[PDB]
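Below: the structure, in structure tokens.
Every residue, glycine as well, gets a Cβ built from its backbone with ideal geometry; the counts of neighbours run over all protein chains shown. What follows draws every value from the coordinates through simple rules; no lab data is involved.
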């Protein structure tokens, strides 16, 4: 998904990385890459949108860690 690209590359749904310019100057392309990196915005659901992970997997992971900490705090309450 990342390296294989031709004339256009969309690694995450909100960012497009074009191919190097025809004029082929490394300074200008460096500036262009830095600018297009700066213009990006990272959404709150980046872990599921920017990555290829489904939302269900992220929710399942959050639920698993929540139940783990809930079990630990339940036990600690018994420990007194």
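Before moving on, here are some points about what is shown:
- Residue that is nearest to residue 21 (Cα to Cα) [pool: residues in segment 36-45 that are surrounded by 10 or more Cβ atoms within 10 Å (Cβ to Cβ) and free of Cβ contacts under 8 Å to residues at least 24 places away in the same chain]: 36
- Here residue 72 does not qualify as surrounded by 12 or more Cβ atoms within 10 Å (Cβ to Cβ), part of a helix (DSSP H, G or I) and out of contact with any strand residue (DSSP E or B) (no Cβ under 8 Å at 6 or more places or on another chain).
- Number of residues in segment 1-18 that are surrounded by 11 or more Cβ atoms within 10 Å (Cβ to Cβ) and in a loop (DSSP other than H, G, I, E, B): the value is 8.
- Scanning segment 19-35 for residues that are assigned to a loop (DSSP other than H, G, I, E, B) and without any contact (Cβ under 8 Å) to a residue 12 or more places away in the chain yields a count of 6.
- If the condition is being free of Cβ contacts under 8 Å to residues at least 12 places away in the same chain, surrounded by 10 or more Cβ atoms within 10 Å (Cβ to Cβ) and not in a loop (DSSP other than H, G, I, E, B), then segment 47-57 contributes 47, 48, 55, 57.
- Residue 66 vs. criteria loosely packed, with under 11 Cβ neighbours inside 10 Å and under 12 Å from the mean Cα position of the chain (by Cα): no
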